[PDB]
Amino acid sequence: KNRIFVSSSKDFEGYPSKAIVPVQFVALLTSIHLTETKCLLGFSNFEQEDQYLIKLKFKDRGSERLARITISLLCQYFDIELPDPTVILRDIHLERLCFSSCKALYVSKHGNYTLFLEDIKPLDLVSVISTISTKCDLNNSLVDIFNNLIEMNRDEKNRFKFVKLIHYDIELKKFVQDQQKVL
């Protein structure tokens, strides 16, 4: 195929006013908005605010079920607690880091666009850390994302703090430290 990798939501400024373009990006899951009519997943690389809003479209009950099961599995994979009906989650990153490799379809018309979900592959934090330590687009994104996350942690006013992560590992405490030295 010819899937185009996007490193920032701003890339979408050079895209056609009316086209269907397969894209792919890497970011942290930051929010979920599940209703009975639609589902929007928000991701961000913190270049610090929501940036990518992916939509899971569904009209009938059969597809709604699939959307529900999808959200359920994604949340369970990241150890996110779900009450399963309008469901809303925000600033997920403040409590849990959820790196994700996502593939989407950019669909525009009249200059307006929507990113529809094609595939989402969660990335294990342990593998993310390892992948950065030992050692392309994916890796550049993972590095950039972690750097921003590092600057946000230094900033005293910013609500993001590693120590406040429900999964603050000893290994995470170790990677952050040895990661600031590079700075």
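Note that residue numbering begins at 1 and tracks the sequence as displayed.
Of the other compared PDB entries of this protein that include residues on both sides, all give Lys55 atoms, none of them, and so not a third, leaving it without. Across the other compared structures of the same protein with both neighbouring residues present, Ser127 carries coordinates in every case, with no third of them leaving it out. The stretch of deposited sequence separating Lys135 from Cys136 contains 10 or more residues lacking coordinates in this entry. According to the entry, the stretch of the deposited sequence that connects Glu47 to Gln48 contains 4 to 9 residues lacking coordinates, which leaves a gap of moderate length in the model. Stretches 21 to 29 and 7 to 15 differ in mean CA B factor, with 7 to 15 having the higher one. Between 113 to 121 and 142 to 150, the higher mean Cα B-factor belongs to 142 to 150. Each of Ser108, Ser101, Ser72, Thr86 has a CA temperature factor in the record; the biggest one is found at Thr86. Looking at the C-alpha B-factors along this chain, the one for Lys157 belongs to the highest third. Per the PDB record, residue ranking by Cα B-factor puts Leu94 in the middle third of the chain. Sort the chain's modelled residues by C-alpha temperature factor and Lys59 lands in the highest third, per the entry.
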